[PDB]
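K.L.:
Quick one: structure below, then a few questions.
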Amino acid sequence: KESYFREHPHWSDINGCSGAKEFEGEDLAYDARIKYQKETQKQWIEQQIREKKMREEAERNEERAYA
Amino acid sequence: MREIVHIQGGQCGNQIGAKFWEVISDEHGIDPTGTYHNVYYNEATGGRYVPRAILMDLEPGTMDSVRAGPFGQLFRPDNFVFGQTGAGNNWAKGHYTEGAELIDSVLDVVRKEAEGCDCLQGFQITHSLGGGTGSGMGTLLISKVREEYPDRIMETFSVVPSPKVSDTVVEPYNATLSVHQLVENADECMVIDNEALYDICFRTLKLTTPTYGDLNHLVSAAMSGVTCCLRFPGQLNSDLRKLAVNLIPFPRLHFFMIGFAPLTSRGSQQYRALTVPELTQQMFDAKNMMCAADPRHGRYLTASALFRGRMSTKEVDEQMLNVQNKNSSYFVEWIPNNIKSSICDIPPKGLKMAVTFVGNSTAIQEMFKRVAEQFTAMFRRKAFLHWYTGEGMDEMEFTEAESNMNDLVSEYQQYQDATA
Amino acid sequence: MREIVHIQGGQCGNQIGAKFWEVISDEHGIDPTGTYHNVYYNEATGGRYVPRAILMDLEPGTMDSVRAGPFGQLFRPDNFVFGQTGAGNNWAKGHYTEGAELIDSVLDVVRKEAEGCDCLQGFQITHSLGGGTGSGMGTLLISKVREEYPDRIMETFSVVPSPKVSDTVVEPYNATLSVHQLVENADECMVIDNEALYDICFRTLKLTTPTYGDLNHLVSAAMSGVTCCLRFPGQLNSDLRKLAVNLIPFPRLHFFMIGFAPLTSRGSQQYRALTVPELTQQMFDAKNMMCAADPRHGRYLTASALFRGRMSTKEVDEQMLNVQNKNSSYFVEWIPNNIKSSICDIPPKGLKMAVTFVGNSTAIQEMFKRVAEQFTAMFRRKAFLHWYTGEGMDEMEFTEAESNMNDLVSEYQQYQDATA
Amino acid sequence: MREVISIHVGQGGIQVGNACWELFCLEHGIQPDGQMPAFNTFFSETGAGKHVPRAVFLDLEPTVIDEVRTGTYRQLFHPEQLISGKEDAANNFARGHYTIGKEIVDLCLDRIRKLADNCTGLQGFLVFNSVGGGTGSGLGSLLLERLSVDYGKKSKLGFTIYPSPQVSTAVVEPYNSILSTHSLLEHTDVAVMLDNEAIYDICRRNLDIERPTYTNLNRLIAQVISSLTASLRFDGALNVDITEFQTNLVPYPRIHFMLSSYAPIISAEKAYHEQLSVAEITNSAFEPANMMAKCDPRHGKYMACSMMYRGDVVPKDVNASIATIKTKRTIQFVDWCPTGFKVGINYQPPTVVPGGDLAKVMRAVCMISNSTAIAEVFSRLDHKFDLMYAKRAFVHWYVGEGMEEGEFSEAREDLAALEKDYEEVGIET
Amino acid sequence: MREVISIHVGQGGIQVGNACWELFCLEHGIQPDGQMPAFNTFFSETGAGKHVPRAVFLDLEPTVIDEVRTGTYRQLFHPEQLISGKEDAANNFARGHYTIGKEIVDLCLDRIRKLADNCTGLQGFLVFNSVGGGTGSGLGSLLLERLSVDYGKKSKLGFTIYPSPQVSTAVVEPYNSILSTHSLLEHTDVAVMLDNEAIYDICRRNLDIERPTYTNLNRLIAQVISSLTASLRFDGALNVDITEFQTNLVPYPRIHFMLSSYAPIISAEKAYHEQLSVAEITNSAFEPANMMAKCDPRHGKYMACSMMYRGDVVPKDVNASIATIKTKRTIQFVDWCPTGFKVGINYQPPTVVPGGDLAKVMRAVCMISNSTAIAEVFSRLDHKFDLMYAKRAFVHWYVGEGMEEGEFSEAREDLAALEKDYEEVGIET
Ligand SMILES: Nc1nc2c(ncn2[C@@H]2O[C@H](COP(=O)(O)OP(=O)(O)OP(=O)(O)O)[C@@H](O)[C@H]2O)c(=O)[nH]1
Ligand SMILES: Nc1nc2c(ncn2[C@@H]2O[C@H](COP(=O)(O)OP(=O)(O)OP(=O)(O)O)[C@@H](O)[C@H]2O)c(=O)[nH]1
Ligand SMILES: Nc1nc2c(ncn2[C@@H]2O[C@H](COP(=O)(O)OP(=O)(O)O)[C@@H](O)[C@H]2O)c(=O)[nH]1
Ligand SMILES: Nc1nc2c(ncn2[C@@H]2O[C@H](COP(=O)(O)OP(=O)(O)O)[C@@H](O)[C@H]2O)c(=O)[nH]1
Ligand SMILES: [Mg+2]
Ligand SMILES: [Mg+2]
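Residue numbers (the authors' numbering), protein chains in the order written: chain A, 5 to 71; chain I, 1 to 37, 48 to 430; chain L, 1 to 37, 48 to 430; chain D, 1 to 37, 48 to 439; chain G, 1 to 37, 48 to 439.
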């Protein structure tokens with residue numbers, strides 16, 4: 005369980021203030037975060053496609069062998 | 001998707017089918033081995059391509075006629091349904107007794123070829139009309155499969171009796187017997203004569219030794235051009251059924267005419283250019299059709315012009331409008347703009363234009379008229395009737411057949427006179 | 001684990017068994033010397059694999075004929091228990107006199123083979139219905155072992171009289187005397203007829219010179235494929251008992267037709283593809299089965315299909331659904347999903363796919379009709395009876411046997427029609 | 001927070017939409033393969059680098075969808091938006107609206123639901139189709155029905171390619187075109203009548219080409235629609251939403267059949283020898299010669315005119331030229347609508363598609379007119395219809411598919427009423 | 001302090017468990033070698059290096075166990091946790107519930123007792139058995155009774171595979187499934203009904219895999235179960251407990267037959283085109299097509315939906331997306347449950363298996379719904395039983411193993427009781 009442990013991604017250090025000035029709203033980097041996340045997912049999909057193409061080509065190779 | 005099972009019957013059908021598969025193999029860039037270098051062919055182990063054609067007859071000589079010829083090894087021998095007895099040029103033989111107790115195997119193999127498809131569209135048969143095996147087995151197969159698969163459509167590239175000089179002496183009998191089986195169980199029936207083909211090959215291409223191979227080649231080129239707007243891309247693609255709807259106004263006025271263009275000899279090709287007004291000028295000419303019935307003696311209930319290659323559609327539409335408004339007599343009026351057009355995007359192998367003309371005219375009725383004569387002049391004397399009677403044929407059927415034919419021609423006679 | 005005893009009998013049984021051990025050897029990679037280069051064989055000190063079998067016949071000539079051919083060295087020299095006098099195709103000879111004086115030692119050695127195993131799942135019999143030796147000693151051994159082992163299952167791969175010609179003119183008598191005792195104490199009566207195998211090896215393979223070796227090889231392939239989904243891994247495994255429940259709905263209607271796929275000649279092998287569609291079409295093909303009864307003229311109470319090869323499963327299920335929803339009339343409807351499938355992970359040596367089809371249908375009732383007809387005819391005239399009463403057997407039995415046969419068919423036809 | 005759904009059905013609709021997406025993906029710097037080296051209306055972000063267009067392509071003949079899947083923009087679309095049938099439409103109605111269209115209507119509605127939830131500030135639809143066809147009318151009618159009974163408030167923008175007077179590419183087109191009016195009134199809000207012959211003549215005279223083709227046709231239609239949606243997509247001194255049309259062009263919701271016009275349509279060399287100011291361009295706009303439909307408004311009146319001037323254009327010149335054009339004698343308005351010219355301005359010029367015959371112009375004006383002359387078109391068409399239905403021509407090909415024949419006259423009744431309604435608003439009171 | 005036991009009896013559940021343990025070992029870094037180069051919920055420690063998984067693999071047919079007893083993973087399990095018989099059940103009930111079960115279920119009870127006394131905070135069971143085979147039905151019933159009388163208090167969740175609507179791999183399915191319904195109602199507190207044709211269609215249209223197989227279906231089920239036990243295994247910003255599943259989803263002791271769904275089941279290609287947000291994923295997680303039991307949620311009426319998420323998620327996204335969901339009109343709930351959407355979050359994205367058609371993606375949702383449409387499924391199966399029992403078909407195969415005949419009618423009325431309940435609760439006040 006270990007509930008309430010990440011706040012993906014959070015848990016800053018000791019530093020803070022008693023009132024209400026900064027809340028890490030928008031993380032001050034939300035836009036770069038979204039951009040890098042999108043790039044990472046595009047890389048993932050490119051790799052998966054690059055693999056599925058070869059896994060398929062194996063089938064045509066087997067077919068030529070059988071013929 | 002939207003496949004086609006081609007059938008033959010009789011030596012006419014078999015020869016035309018041989019040349020037709022030759023032309024198709026030429027189009028898709030195949031060699032007689034059957035390897036490339048879904049609508050017609052079927053993929054096969056090792057990249058082969060086998061035609062989807064069932065060949066049938068009771069005279070196993072025509073097999074060795076078609077199989078031995080070039081582009082022959084394609085057809086799979088599991089389809090050559092060849093009864094080892096004979097047909098003998100008689101309808102009742104090939105429809106009731108001899109050529110009928112074999113149809114079960116033909117149905118079984120047609121079913122094997124059909125249930126193996128995804129979305130079958132229509133059947134495409136080629137056969138003669140006086141030929142015993144051809145006409146008989148063709149109409150029996152028609153009855154069976156059309157009572158069996160009504161979802162699909164039917165299309166038959168028939169040949170008619172060469173009107174002036176006959177080729178058999180019992181042609182009227184079997185011709186009208188087949189006619190009485192077509193109007194009841196078909197959906198498209200194009201007609202071709204071996205006479206106008208001669209006038210074409212003699213006055214359009216200046217040939218001197220036209221063998222039946224070249225005439226079959228012309229007919230097969232027309233057949234391919236008919237459905238070329240389906241297996242290929244197109245600015246406005248058509249199919250088998252778009253014709254079957256844009257042409258036949260009523261369930262029986264479904265006997266069309268076929269024309270191919272362009273066709274030119276040595277010098278005539280040296281002189282004339284390739285521009286779609288010229289193709290139109292050659293298309294409508296009465297001496298350019300595969301049906302010995304001068305359309306000038308009638309009108310066109312409708313006519314679909316399927317082009318091929320690449321051309322400005324505005325030129326096509328201007329030519330259609332000009333030929334329709336200028337020959338305002340040779341067209342009927344109660345169906346406005348009775349001419350339909352279509353444009354695929356692939357020229358033939360060795361040109362830059364192409365035109366196939368599929369025209370439901372009301373002028374071919376005259377042809378049937380002459381049959382309505384000959385049969386009638388061969389029935390009051392009961393001539394040659396005992397051969398057909400010798401197979402259980404009840405003459406009563408014969409009678410109604412003629413009566414049916416009557417209505418058919420009568421139908422057309424009611425319409426070329428209709429005014430509005 | 002889940003072994004199989006190989007009881008033989010009759011010259012047909014012995015030949016088919018020799019061929020079956022040949023096929024199992026060159027599949028399990030056992031060369032005819034008995035090495036490897048538990049379901050069937052038995053380990054033997056010295057590195058040999060002696061096939062668990064037993065061969066019985068009243069002639070010791072079949073001994074030398076089966077030991078002469080290759081793969082004869084596999085059979086141990088001890089199982090060849092054979093009688094002397096010979097039955098000469100007389101049911102009483104192989105069931106009353108010679109039976110009650112050698113079947114003792116037959117049972118002794120069968121028990122010796124039985125206890126030697128850990129789980130003798132089922133039996134396996136190869137014999138005939140015509141010959142006195144085969145039919146008689148086979149039904150007697152089956153009665154004896156089913157009194158011995160009431161827990162195990164039964165199965166007999168029996169050849170029946172062909173309809174056109176007969177091998178031994180007293181075929182009906184021995185046939186009915188074998189079926190009057192087989193129908194009570196047997197679960198899987200796999201019927202075969204020589205005419206069906208003839209038509210298979212000619213029509214579907216173009217082999218012009220068939221020999222009993224080839225026919226026995228075909229029935230060997232069938233028998234092997236029956237259980238091959240057991241001794242091999244598989245995404246969905248079955249056995250010789252899941253069949254029994256998925257096949258017999260009743261204590262009597264348990265007589266199965268057999269079919270194998272794929273089979274094609276030299277010519278048609280280059281063209282045709284090889285996928286679950288084609289395997290299915292050959293599976294449910296009428297002539298492809300090994301029974302002299304076109305199943306299309308009846309229905310199926312049920313049918314199972316054991317595939318082989320590492321292939322998909324959605325194709326399997328959707329094609330079962332298609333062949334059941336299109337050929338629904340020829341199937342019976344008072345049962346849901348009347349077909350059963352099974353899949354293995356190894357096709358036979360030399361391909362990548364295989365199908366073994368088994369059918370509990372109501373189309374063999376016609377075969378039993380013809381057998382009862384022959385019996386009534388040859389019985390009302392007492393034809394060939396003094397052989398069947400000169401050896402301690404009264405006519406009474408004979409009569410009641412036919413009565414039983416009647417009841418059998420009296421069931422089948424019934425369930426063909428009844429609905430709910 | 002702005003977006004439109006662009007449903008393309010039939011055959012002509014899908015090619016027009018192909019050219020339209022060409023123009024759009026071009027002008028927004030988008031590359032045809034989807035990536036990018048002001049677009050939230052049409053294109054949306056796809057969570058991986060590139061962008062995908064808000065569109066769904068229904069069709070039954072797999073040829074055009076296959077050509078799109080293997081053309082240039084194969085990576086642009088989403089491999090689900092391209093819904094391809096299994097057979098053709100055969101140029102009848104019941105085979106796209108009663109028997110077969112029911113196979114694809116539900117899948118289409120699920121896809122449209124997905125597209126709708128993936129969007130926030132919906133503003134309307136844009137359906138493109140012909141009606142002389144078989145599926146462009148039938149499946150289009152079924153889709154209009156399902157949407158009008160499913161979504162409701164969102165207004166639909168039909169772009170229908172009607173049959174022109176003389177040029178004909180089918181013989182049964184009057185039948186199925188009339189078969190679409192029974193559903194064009196009820197479920198559709200705006201219908202921009204587009205013909206072909208008029209645009210062929212337009213390409214002949216102005217663009218100087220003598221071998222025009224359907225591709226140039228679709229290029230011009232794409233240009234018109236882009237100039238229509240520029241106000242949503244871009245800047246402008248006087249913006250005009252897509253909820254402005256309903257308030258500015260629809261007097262009574264039963265008479266909403268508008269017709270288009272565009273300017274300047276000039277070739278390369280015919281702009282060198284000219285001036286092409288705003289005054290001359292707004293004179294050329296009203297000229298029925300270069301109107302995008304077959305009608306001669308000299309034999310009609312104008313209910314309203316929405317003009318959208320894209321490019322560097324100042325408003326006072328528009329006002330003055332509007333005063334002049336309204337003061338002309340041969341262009342007469344109705345009495346019951348004295349202030350008719352609505353005008354909007356966008357500060358972006360046209361963006362010529364590469365390889366086109368048009369010329370780059372600093373200015374452009376796109377007019378959409380709700381007029382009363384278009385009515386005669388309908389009348390003319392009925393003429394054709396009657397001369398067929400007087401002899402029961404081709405009724406069998408429709409009755410064979412469950413289509414109760416009694417609908418036909420009903421349509422030719424209902425559409426007939428339309429004419430009367432126009433004769434109700436041409437009344438100089 | 002908390003863990004789960006998972007039993008895989010039969011041949012279906014055992015293949016599902018093969019794929020399931022495959023995926024589990026893959027995600028927790030446990031190499032197939034046991035020795036690795048949050049997991050106490052599944053794997054315990056045999057004092058040295060290799061982590062042994064908590065499970066028992068029962069099957070009378072020793073074929074598949076021999077696939078795993080010598081396959082790629084034999085290093086992992088405990089050679090006593092692989093129990094195999096020497097015959098089959100031959101798809102009938104009593105032979106796996108009266109005669110042969112008598113020997114093996116006692117050994118199973120002893121082994122499960124040992125596994126129980128080994129673990130400390132056991133929270134639930136997870137049996138894995140199709141009802142098609144005689145093993146998964148008879149052995150399933152007997153073991154279920156033995157456990158419900160041995161342990162008792164602990165919950166139970168059977169991922170049981172039923173026979174599909176139309177396709178089947180056995181012809182005596184309606185018999186040896188109805189007899190297990192009595193066991194499933196009383197002792198099996200809940201039941202996550204799974205089918206095959208649903209996952210077949212999912213594979214055939216979503217993942218583009220044209221020729222799917224049992225291994226693909228099993229990989230997908232493994233992913234679903236990992237998503238279910240995510241909160242227990244891994245970290246979580248907002249967790250849920252395997253006890254909390256029950257009271258949030260069991261409104262009455264006799265309506266607890268829950269179906270499931272998972273998203274995004276999307277191949278590599280199509281993932282290149284998707285919004286990928288929480289909105290569209292929890293939108294597609296409600297469409298009927300991707301419901302893993304072939305039923306029609308458009309017809310029934312939901313009662314309670316639990317949603318285990320995983321991957322980075324802002325809870326306000328879940329709240330807004332659920333607002334949009336409850337705003338959708340076509341979906342409707344019963345009166346006695348205005349709050350039916352329970353949520354739960356975890357911070358472990360999906361895991362990829364080499365060869366898995368699932369595209370790697372951060373966000374993922376898995377829904378489990380107690381709804382009243384499922385009743386029709388039962389009714390559907392009922393039909394089959396009818397057309398058999400009228401003819402006493404195959405009945406002697408059952409009476410030949412000590413099972414009284416009248417049991418068939420009794421279990422039939424027992425399931426008619428459910429067909430009464432599940433269409434009695436979904437009624438207005
Ligand atoms: N403006 C324009 N019109 C087109 C285009 N392509 C086709 N059309 C029109 O489409 C009409 C032909 O009807 P179709 O739409 O092809 O028929 P359908 O409803 O799609 O049915 P099928 O084509 O048989 O599948 C003709 O009138 C054309 O004017 C195009 O690219 N641009
Ligand atoms: N979705 C899915 N279904 C499976 C899988 N493996 C088996 N099944 C199903 O299991 C059902 C058969 O029930 P089983 O219990 O496996 O049959 P059995 O084990 O041979 O039963 P007995 O041998 O008589 O004890 C079939 O419907 C299969 O579809 C799998 O890996 N995935
Ligand atoms: N153009 C052409 N016509 C043919 C050919 N073969 C036969 N015909 C026609 O076939 C007609 C005779 O009927 P037919 O079908 O050959 O008799 P059957 O085959 O023995 O039943 C004749 O009128 C021929 O014109 C051919 O190869 N080419
Ligand atoms: N398919 C096949 N049938 C056979 C073979 N040998 C014999 N048969 C049949 O065996 C039948 C006779 O039965 P059988 O018991 O072997 O004769 P018996 O030895 O004199 O008692 C005959 O109908 C033969 O046709 C064979 O090798 N292959
Ligand atoms: Mg269409
Ligand atoms: Mg099992």
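Cβ atoms here follow ideal geometry from the backbone N, Cα and C, with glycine treated the same way.
Residues around ligand 5, please: the condition is that the C-beta lies closer than 5 Å to some non-hydrogen atom of it.
P.N.:
This criterion selects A99/D, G144/D, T145/D.
K.L.:
Within its chain, find whatever has a CB closer than 6 Å to the CB of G321/G; leave out the 5 residues flanking it on each side and keep chain order.
P.N.:
For the purposes of this step, residue 321/G is taken as residue 311 along the fifth sequence, with counting starting at 1. Cβ neighbours of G321/G beyond the five flanking positions: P359, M372, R373, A374.
K.L.:
Assign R282/I to one of two classes, buried (16 or more other C-beta atoms within 10 Å of its C-beta) or exposed (fewer than that).
P.N.:
Within the second sequence, numbered from 1, the residue matching residue 282/I stands at position 272. Exposed: under 16 other Cβ atoms inside 10 Å.
K.L.:
Taking a Cβ distance cut-off of 7 Å, strictly less, list which residues of the stretch 28–47 of chain A are near chain I, in chain order.
P.N.:
Answer in chain order: no residues at all.
K.L.:
For chain D, find out if any of its Cβ atoms is closer than 8 Å to the Cβ of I18/A; answer yes or no.
P.N.:
In the first sequence, counting from the first residue as 1, residue 18/A sits at position 14. Judged by the 8 Å Cβ criterion, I18/A is not in contact with chain D.
K.L.:
Looking only at its own chain, which residues have a Cβ that is under 7 Å from the Cβ of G400/L, when we skip the five neighbours before and after it?
P.N.:
On the third sequence, position 390 is the one that residue 400/L refers to. Around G400/L: no qualifying Cβ.
K.L.:
At a CB distance below 7 Å, what residues from the stretch 57–91 of chain I approach chain L? Give them in sequence order.
P.N.:
Of all residues in the stretch 57–91 of chain I, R58, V60, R86, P87, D88 have a Cβ within less than 7 Å of some Cβ in chain L.
K.L.:
Kindly confirm or deny that the stretch 318–335 of chain G and the stretch 399–410 of chain G touch, where touching means at least three C-beta pairs closer than 8 Å.
P.N.:
Result no; under three Cβ-Cβ pairs closer than 8 Å.
K.L.:
Is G9/I buried or exposed, if buried means 16 or more other CB atoms sit within 10 Å of its CB?
P.N.:
To locate residue 9/I, count along the second sequence from 1; it is residue 9. Classification for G9/I: buried.
K.L.:
Assign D76/G to one of three DSSP states: helix, strand, or coil.
P.N.:
Start at 1 with the first residue of the fifth sequence, and residue 76/G comes out as number 66. Three-state result, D76/G: helix.
K.L.:
With a threshold of 7 Å (Cβ to nearest heavy atom), would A232/L be considered close to ligand 4?
P.N.:
Taking the third sequence and counting its residues from 1, the one referred to as residue 232/L is at position 222. No, since every heavy atom of ligand 4 falls outside the 7 Å radius drawn around the Cβ of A232/L.
K.L.:
Got a sec: does ligand 6 put a non-hydrogen atom nearer than 7 Å to the Cβ of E71/G?
P.N.:
For the purposes of this step, residue 71/G is taken as residue 61 along the fifth sequence, with counting starting at 1. Yes, Cβ of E71/G sits closer than 7 Å to a heavy atom of ligand 6.
K.L.:
Cβ-heavy atom distance between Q11/G and ligand 6 below 7 Å?
P.N.:
Locating residue 11/G in the fifth sequence gives position 11, where the first residue counts as 1. Checking every heavy atom of ligand 6 against the Cβ of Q11/G, one is found closer than 7 Å.
K.L.:
Between the Cα of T274/L and the Cα atoms of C211/L, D128/L, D88/L, which residue gives the shortest distance?
P.N.:
For the purposes of this step, residue 274/L is taken as the residue at position 264 of the third sequence. Selected option, being the one with the closest Cα: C211/L.
K.L.:
For a contact meaning CB atoms closer than 7 Å, what does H88/D contact in chain G?
P.N.:
As a working mapping, residue 88/D is identified with position 78 in the fourth sequence. Going along chain G in sequence order, the residues near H88/D (Cβ under 7 Å) are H283.
K.L.:
Closest by CA to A99/D, which one among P307/D, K352/D, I114/D, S236/D?
P.N.:
Reading the fourth sequence from its first residue, position 89 is the one you call residue 99/D. Checking every option, the nearest Cα to that of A99/D belongs to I114/D.
K.L.:
Touch check for the stretch 146–156 of chain G and the stretch 179–196 of chain G: three-plus C-beta pairs under 8 Å?
P.N.:
As far as the Cβ criterion goes, the stretch 146–156 of chain G touches the stretch 179–196 of chain G, which means the pair count is three or higher.
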